[PDB]
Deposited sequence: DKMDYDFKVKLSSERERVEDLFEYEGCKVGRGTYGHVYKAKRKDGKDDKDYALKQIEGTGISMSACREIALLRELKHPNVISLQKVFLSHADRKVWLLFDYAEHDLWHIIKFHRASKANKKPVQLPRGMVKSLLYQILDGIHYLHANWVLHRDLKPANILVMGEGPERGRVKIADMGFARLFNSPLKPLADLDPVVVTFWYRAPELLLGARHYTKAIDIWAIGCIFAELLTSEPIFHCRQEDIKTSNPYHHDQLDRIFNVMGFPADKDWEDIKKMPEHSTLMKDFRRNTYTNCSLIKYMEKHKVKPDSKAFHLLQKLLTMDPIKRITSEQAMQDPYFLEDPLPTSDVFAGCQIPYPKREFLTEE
């Protein structure tokens, strides 16, 4: 209308449309708040590889999509998912993204073991999974990038291919860095009303995941607006024990602390400790694994260890050493992604 015409038509002629480059019709592998995700394959190109093709929800370039595109474009690490290409569909104003396809994830892997006959997670696989999760998150944190929602469904593992058994941290979404039905991987400072995300909040989630890899069940499992959630804190205390004054000195500085004192009594959790919980799931409390888990699951954020230091833990120098291939060259029993239609 007011732009150059030759400019419009040239770019229109030259722009790579998604429809034409990839076959995705009836291959929808995921549908959530993120938008729509398909198991795609390249049409024209002589490419046999599988791709994860995601259509971001909403028209235009949202805050949630803009930052996602922004970071992913600069981010480059083996254990974080690499953005191949962005497609901007001008007509409908949708944004598509293209990733190397991750067949498996910890959510589906944990679910496979938990189901069982009535075969628990092998110990070497868990160490390798943990090491790689800490490798990627350390890369993000080194670049002052926080995840803000680490959970098993966001920790992808690659299927049969060049990158077999490599962990890939997904989901780079998320107002002033300020969070104001499933709170199982949320740190207690968030529950007690911390106004800002930190590196320490992600490290708590890694502990909850590591816990879950060992025991095959979520350590802080709990039934279903505001930041304060009683029943989630109750579950945390029943596992961990109520934090003593010397454990978390600056708990008094939390906004929901006066609410915590009204609703909880510390004597109720005297027979509760992480040593006792993990013992009931056949995990030795004097094992290098357990001691790292405890350092990850420190209640006080300033006393929680960094990912930098977690990789340095002697757990990873104990037999078996962590492998690049999380399956270690073993036949992958976990089923592949079921398709959808909508």
Where are the gaps relative to the deposited sequence? 119-122, 179-180, 187-196, 241-245, 364
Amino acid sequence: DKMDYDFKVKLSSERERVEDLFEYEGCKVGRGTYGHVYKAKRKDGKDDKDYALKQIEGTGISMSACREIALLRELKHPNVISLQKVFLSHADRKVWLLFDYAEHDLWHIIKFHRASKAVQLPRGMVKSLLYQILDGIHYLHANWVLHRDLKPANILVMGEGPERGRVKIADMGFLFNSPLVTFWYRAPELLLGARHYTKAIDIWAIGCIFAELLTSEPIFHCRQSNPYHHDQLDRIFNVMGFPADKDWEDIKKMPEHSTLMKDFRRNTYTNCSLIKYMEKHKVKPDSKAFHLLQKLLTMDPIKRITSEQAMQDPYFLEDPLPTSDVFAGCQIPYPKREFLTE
From here on, numbers count along this sequence of modelled residues.
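Take the two forms, find the largest set of C-alpha atoms that superpose within 1.5 Å, and that set is the rigid core.
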To spell it out: superpose each other structure in 9 other deposited structures of this protein onto this one by the rigid core, compute Cα RMS over structures and residues for 122-130 and for 193-201. Which is larger? 122-130
Of the stretches 164-172 and 107-115, which sits farther from where it is here in 9 other deposited structures of this protein, on average over its Cα atoms, after fitting the core? 164-172
Across the other PDB entries of this protein that model residues on both sides of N226, is it left without coordinates in at least a third of them? yes
Over the set of other compared entries for this protein, does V181 lack coordinates in at least a third of them? yes
Of 5-13 and 329-337, which one has the bigger average CA B-factor? 329-337
Mean C-alpha B-factor comparison - 215-223 and 109-117, higher one: 109-117
Looking at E308, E68, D300, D47, which has the biggest Cα B factor in the entry? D47
Max C-alpha B-factor within the set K54, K41, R304, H291 falls on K41
Using the temperature factors of the C-alpha atoms in this entry, rank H257 within its chain: lowest, middle or highest third. middle
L72: C-alpha B-factor third of its chain, per the entry, is the lowest
Can you work out whether the C-alpha temperature factor of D250 puts it in the lowest, middle or highest third of the chain? highest
Would you mind ranking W204 by its C-alpha B-factor against the rest of the chain and naming the third, lowest, middle or highest? lowest
In terms of its chain's C-alpha B-factors, the third that includes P78 is the lowest
